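Asker: Just passing along the structure, written as structure tokens.
Every number in this text was worked out from the coordinates using simple rules, so none of it is lab data. In this analysis, Cβ positions are derived from the backbone assuming ideal geometry, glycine residues included, and neighbour counts consider all displayed protein chains.
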Amino acid sequence: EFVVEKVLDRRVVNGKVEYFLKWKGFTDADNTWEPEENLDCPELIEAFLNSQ
Amino acid sequence: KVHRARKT
């Protein structure tokens, strides 16, 4: 596990929710798409988006 | 807080 600096985007890949992460102290070239279950709290992203 | 996640 690595510290997440920011969540940049969200996509659904055959039912499966993934998010585009910037990792803290790594450049954008290192950004990755991660399945939701790789995050400690994906609910915070969902709650943020579903409230608009 | 500070969050962490598994990287692929």
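Asker: Go through (1) away from chain B (no Cβ under 13 Å); (2) surrounded by 12 or more Cβ atoms within 10 Å (Cβ to Cβ); (3) not aromatic (F, W, Y) and name the single condition A:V12 misses.
Answerer: (2)
Asker: Being within 13 Å of another protein chain (Cβ to nearest Cβ) and either more than 13 Å from B:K7 (Cβ to Cβ) or in a strand (DSSP E or B) (or both) is the filter here, so list the residues in segment A:21-36 that pass it.
Answerer: A:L21, A:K22, A:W23, A:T32, A:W33, A:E34, A:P35, A:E36
Asker: Consider segment A:27-52. How many of its residues are hydrophobic (A, V, I, L, M, F, W, C) and out of contact with any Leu (no Cβ under 9 Å at 6 or more places or on another chain)?
Answerer: Count: 6.
Asker: Moving on to the next point. (1) touching a strand residue (DSSP E or B) at 6+ places or on another chain (Cβ under 6 Å); (2) under 13 Å from B:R6 (Cα atoms): which one isn't true of A:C41, the others all being true?
Answerer: So the condition that A:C41 fails would be (1).
Asker: Take the conditions touching a residue at least 24 places away in the same chain (Cβ under 8 Å), assigned to a strand (DSSP E or B) and under 11 Å from B:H3 (Cβ atoms) and apply them to A:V4. Does it pass?
Answerer: Yes; evaluated as a whole, the condition is true for this residue.
Asker: While we're on this one: Taking A:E18, is it closer than 13 Å to B:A5 by Cβ and either surrounded by 14 or more Cβ atoms within 10 Å (Cβ to Cβ) or more than 10 Å from chain B (Cβ to nearest Cβ) (or both)?
Answerer: Yes; evaluated as a whole, the condition is true for this residue.
Asker: Considering only segment A:37-52, state which residues are outside any helix (DSSP H, G or I) and within 12 Å of another protein chain (Cβ to nearest Cβ).
Answerer: A:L39, A:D40, A:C41
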